[PDB]
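Chemist: what's the 3D shape of this:
(chains A, B and C)
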Amino acid sequence: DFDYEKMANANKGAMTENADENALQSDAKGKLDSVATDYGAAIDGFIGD
Amino acid sequence: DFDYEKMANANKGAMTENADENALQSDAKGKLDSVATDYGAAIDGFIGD
Amino acid sequence: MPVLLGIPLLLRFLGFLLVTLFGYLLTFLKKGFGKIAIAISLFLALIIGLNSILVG
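Modeler: Residues are numbered from 1 along each chain as shown, chains lettered A, B, ... in the order given. Sure, the structure comes next:
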C-alpha cells in the first residue's frame, strides 16, 4: 500500500529551497542604486566646474 | 505490482509548475514599453526647443 | 535530443527580449535622422530669408 503521493512530497522537500521574490529584488536594486548615485554625482560636478 | 508509470506521474506533478508563454511575454513588453515612451518623449522635446 | 521540462522556454524567451531591444534601437536611429532633416531645412531657410531683406 505504497503511498505514491507521500514519497513524491518527500522527494520535493529534499530537492527544493525557499525564496522570497520581493527580497531578492530589493537587494539587487540596493546595490545598483549606489553606483548610479556616484555616476550622477560625477556628471553633476563637472558641469559645475 | 508497482505501477511504475503512476509513481513517475506523481513525481512530475510535485516538482512542476504551470506557465503561459504568451502571458510572461506580454508583461515583460508592458514594462519595457513604458520606459521607451519616456526616452522618445525626451528626444522629441529637445528638437522642439 | 532529450532535455528538461523548462529549458525550451528559456531559449525562446532569450530571443524575445533581444528582438524587442533591437526594435527600440531602430526607432531611435530613425529619430536622429529626422534631426539632420530639421537642421538642414533651418539653415537653407535663414539664407533664403536674408536674401529677401538685402534685395529690398
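Chemist: rest of the way, CA atoms for contacts and neighbours
Modeler: OK.
Chemist: hey, where'd the helices end up in chain A?
Modeler: Using DSSP state H, the helices assigned to chain A run over residues A:4-11, A:21-32, A:36-46.
Chemist: Can you add mean neighbour count and distance to residue C:56 and give the ones you listed back as CSV?
Modeler: As requested, the helices of chain A are exported to CSV (neighbours: other CA atoms under 10 Å in any protein chain shown; distance: least, CA to CA, whole Å):
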stretch, mean neighbour count, distance to residue C:56
helix A:4-11, 14, 94
helix A:21-32, 10, 63
helix A:36-46, 10, 48
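Chemist: Let me have those helices in TSV, extended by distance to residue B:30.
Modeler: Shown next, in TSV, are those (distance: least, CA to CA, whole Å):
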stretch	distance to residue B:30
helix A:4-11	37
helix A:21-32	19
helix A:36-46	24
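Chemist: Double-check residue A:12 against residue B:13; I have them as touching.
Modeler: No - using CA atoms under 8 Å, residue A:12 is not in contact with residue B:13; the gap is 10.1 Å.
Chemist: So for the lengthiest helix in chain C, what gets flagged as buried?
Modeler: Among all segments of chain C classified by DSSP H, the helix with the greatest residue count is helix C:17-54. For helix C:17-54, burial by neighbour count (16 or more other CA atoms under 10 Å in any protein chain shown) applies to no residue.
Chemist: so which of the helices of chain A comes closest to chain C?
Modeler: helix A:4-11 (17.2 Å; CA to the nearest CA).
Chemist: what separates the spatially most central residue of chain A from residue A:30, distance-wise?
Modeler: Nearest to the mean C-alpha position of chain A, by CA atoms, centre = their mean, lies residue A:24 at 1.9 Å. According to CA to CA, to the nearest Å, residue A:24 and residue A:30 sit 10 Å apart.
Chemist: start to end distance for stretch A:28-37?
Modeler: From start residue to end residue, stretch A:28-37 stretches across 15 Å - CA to CA.
Chemist: So which residues on chain A come close to chain B?
Modeler: By the rule CA under 8 Å from any CA of the partner chain, the part of chain A lying against chain B is A:4, A:5, A:8, A:9, A:11, A:12.
Chemist: which residues sit in contact with the single nearest residue of chain A relative to chain B?
Modeler: Per CA to the nearest CA, residue A:8 is where chain A lies closest to chain B, at 5.0 Å. When contacts are counted by CA atoms under 8 Å, 6 or more residues apart in numbering or on different chains, residue A:8 touches B:7, B:10, B:11, B:14.
Chemist: Great, nothing more from me.
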